[PDB]
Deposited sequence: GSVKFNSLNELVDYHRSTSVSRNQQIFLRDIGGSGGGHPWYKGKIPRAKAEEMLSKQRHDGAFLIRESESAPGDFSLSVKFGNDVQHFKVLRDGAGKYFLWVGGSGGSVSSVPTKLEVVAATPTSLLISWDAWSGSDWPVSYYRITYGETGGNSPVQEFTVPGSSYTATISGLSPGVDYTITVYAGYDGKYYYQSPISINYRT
């Protein structure tokens, strides 16, 4: 889902978990009750650690991403942070959707749509992701359980296929695609296959 304002995001997540890993519902901490301006990440952590309830939260203007926002939330003896993302039209969101393929994967699909004995074309075309802008895709591949570092290359965010060449027959390769949001971060979670040409 997407939100027209930070408040819309907040109120939605008072009733629907902000986390994919635990059930975390936002509640006000015990000034504005939840927007704390350019509060440093470390100070936010200290403040939230002194709250009684899991889900105690604030939103802050990020220092590392100027002009953008972060959501900080108490859960047990930890504080979790969520980067507030923007789409092409300024709407805010935290998590990418897609009603097909593998749940919680971005892109949601990764198929080998064509292959020769030494090459292949991977495709994530069937991902329903026009609402989720990608900066660039990063593709990595290498011998499964290999010694060497993986090979990597990138393609523009408009792409929905990628060529991998020079593969040796009978060798298992692990292929992973990361969908960039900007020039630093990818959307969770990447999609990955193992394939033997």
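- No alpha-carbon coordinates exist for the deposited sequence positions 1-2, 33-36, given here in order along the chain.
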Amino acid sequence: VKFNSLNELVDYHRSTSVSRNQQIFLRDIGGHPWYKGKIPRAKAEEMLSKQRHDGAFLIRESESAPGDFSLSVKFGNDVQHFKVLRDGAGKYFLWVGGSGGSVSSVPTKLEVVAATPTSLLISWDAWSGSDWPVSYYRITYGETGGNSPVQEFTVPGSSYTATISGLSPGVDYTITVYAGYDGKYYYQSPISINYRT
From here on, numbers count along this sequence of modelled residues.
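- 105-113 and 84-92 differ in mean CA B-factor, and the higher of the two is recorded for 84-92.
- With 146-154 and 131-139 compared on mean CA B-factor from the PDB entry, the stretch scoring higher is 146-154.
- Of the candidates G31, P66, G37, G55, the one whose C-alpha carries the top B factor in the deposited record is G31.
- Annotation for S123: CA B-factor lies in the middle third of the chain's modelled residues.
- For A162, the recorded CA temperature factor ranks within the middle third of the chain's modelled residues.
- In the PDB entry, a CA B factor belonging to the lowest third of its chain's modelled residues is recorded for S62.
- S168: CA B factor in the highest third of modelled residues in this chain (values from the PDB entry).
- Ranked by C-alpha B-factor against the other modelled residues of its chain, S49 falls in the highest third.
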